[PDB]
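Visitor:
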Ligand SMILES: *C(=O)[C@H](CC=C)[C@H]1CCC[C@@H]1O
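In mature numbering (1 follows the signal peptide of the UniProt record, and there is no 0), the protein residues as written are 13 to 253.
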């Protein structure tokens, strides 16, 4: 996250680290959200069928084995069937990962709540992106979970040709776009968290893409997969695997 700050420890208890095996080291590559005791939600672009995956849960520092943090092997990968890696701007950038065994819920490890089907956030809605990605474009990755505040930019604005133009579809969410705060490489797959009308935190987006001009860029909002578009698919995959 560029332009953000350290999260409070364990305050985003659904946030996952998605890691792969790199030459006998476990290496962070994407974020994710725990969405059921057996399933993590993430971005399809984070998945290669050739890598091997584990998920780390209940974490704050990526390098410290903190008490009550947990690594679990990932055993099944389910990418959205309409995802095309060669057409990232079509959307459908979504994947569900099955854990080898269910996690027990705790104070540090909780489920992230999804919005109703079809829910659209209005312009300037307040949300927060979280992750262990880069702190600036091509710069450092933190050890500690960051968060950053991002306001929703609605479709009508974000599709303008000064913004993303036609890169952006109604199956995505735009947030940010001031050039101060953004997601960045390494935040991919993790949550856009927005608090619903009754206090509750919900995960509305999955970090998908930013601009080749830079992670933080005026009138290039960070783009997210819109979770309220796949509620039905998420539940089918879970019932059927
Ligand atoms: C994820 O962190 C990145 C988007 C965030 C702004 C992805 C861009 C391509 C590589 C990475 O997976």
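For every residue, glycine included, the Cβ atom is placed at its ideal position computed from N, Cα and C.
What residues in its chain sit with their C-beta under 7 Å from that of residue 16, if we drop five residues either side in the sequence?
Guide: Result list for residue 16: 158, 159, 160, 193, in chain order.
Visitor: Residue 74 and residue 155: beta carbons closer than 8 Å?
Guide: Against a cut-off of 8 Å, the Cβ pair of residue 155 and residue 74 comes out as a contact.
Visitor: For residue 19, which three-state DSSP category applies?
Guide: Note: residue 19 maps to coil in three-state DSSP.
Visitor: Please identify the residue among 148, 224, 86 whose C-alpha is closest to the C-alpha of residue 29.
Guide: 86
Visitor: If you follow the beta strand (DSSP E) that residue 234 is part of, which residue opens it and which one closes it?
Guide: Per DSSP, residue 234 belongs to the beta strand (DSSP E) from 234-238.
Visitor: CA-CA distance, residue 133 and residue 214?
Guide: Approximately 12 Å, taken between the alpha carbons.
Visitor: Report the residue from 84, 53, 58 whose alpha carbon sits nearest the alpha carbon of residue 11.
Guide: In this structure the chain extends from 13 to 253, so residue 11 is not present and cannot be described.
Visitor: Would you report the Cα separation of residue 201 and residue 35, rounded to the nearest angstrom?
Guide: 23 Å
Visitor: Could you name each continuous beta strand (DSSP E) segment of 3 residues or more that falls completely within the stretch 22-56, going from the start of the chain to the end?
Guide: 27-34, 37-48, 51-54
Visitor: Compare the C-alpha of residue 220 against each of 127, 207, 33, 238 and name the closest.
Guide: 238
Visitor: Which whole-angstrom value is the C-beta distance of residue 39 and residue 31, which I expect to be below 8 Å?
Guide: 6 Å
Visitor: Skipping 5 residues on each side, what residues in its chain have a beta carbon closer than 7 Å to that of residue 9?
Guide: In this structure the chain extends from 13 to 253, so residue 9 is not present and cannot be described.
Visitor: Let me check understanding here. Comparing Cα to Cα, which of 211, 234, 223, 227 lies closest to residue 217?
Guide: 234
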